[PDB]
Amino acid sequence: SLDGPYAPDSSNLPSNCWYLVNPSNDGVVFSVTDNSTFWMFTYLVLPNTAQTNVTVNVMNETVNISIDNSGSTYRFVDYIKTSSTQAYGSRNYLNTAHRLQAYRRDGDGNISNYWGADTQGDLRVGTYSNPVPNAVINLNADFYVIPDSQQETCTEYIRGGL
């Protein structure tokens, strides 16, 4: 009934379905680039992490990013740049007690994932206006596949675990 788990995989993934990742380790859990206009990855930050600069290998480069999570939950933090020469900067994030985040690429190639300072009242599905329709997506965790028609089921997992 729940479709998965699938081992970590990199692929030009189909659109309009949700890829729900369930990492057991911190660090990069998701990445995508078209090598031209958009570079995105999500870094899982452990609770009670003092601000630190850490080195990350992602999308054939090695970059330094600042991470921080003084709070008591996990933080899935998105890092994005839109030029090769530009530094990655954190954008949206998900503060959550569960190691679950989900991604969708829509018909125009835009990435959606769950954003929120909490997984209750603040939770929302966000979309980045940066189309990468044919890009390889790296899911660096065991993951599940949920049809767009069952998005509320995905939302329930994001809030409450598998």
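The first residue of the sequence shown is number 1, and the count goes up from there.
Next item on the list: Between 55-63 and 34-42, name whichever shows the higher mean Cα B factor according to the PDB entry.
Entry: Mean CA B-factor is higher for 55-63.
Checklist line | Average Cα temperature factor in the PDB entry - higher stretch of 70-78, 83-91 | finding: The stretch with the larger average C-alpha B-factor is 83-91.
Margin query: Take the CA temperature factors straight from the PDB entry and tell me which of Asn113, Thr96, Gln120, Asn110 peaks.
Written below: The listed residue with the largest C-alpha B-factor is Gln120.
Check: Would the CA B-factor of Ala50 place it in the lowest, middle or highest third of its chain?
Finding: According to the entry, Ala50 has a C-alpha B-factor in the chain's highest third.
Next item on the list: Just say lowest, middle or highest third for the CA B-factor of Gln101 relative to the other modelled residues in its chain.
Entry: CA B-factor rank for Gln101: lowest third.
Note to self: Ranking the modelled residues of this chain by C-alpha B-factor as given in the entry, is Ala7 in the lowest, middle or highest third?
What the structure shows: For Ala7, the deposited C-alpha B-factor lands in the middle third.
Check: In terms of the CA temperature factor given in the entry, to which third of its chain does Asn16 belong: lowest, middle or highest?
Finding: Answer is highest: the recorded C-alpha B-factor places it there.
Notebook entry, point to check: Sorting the chain's CA B-factors, does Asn140 end up in the lowest, middle or highest third?
Noted result: Middle third, going by the recorded CA B-factors of the chain.
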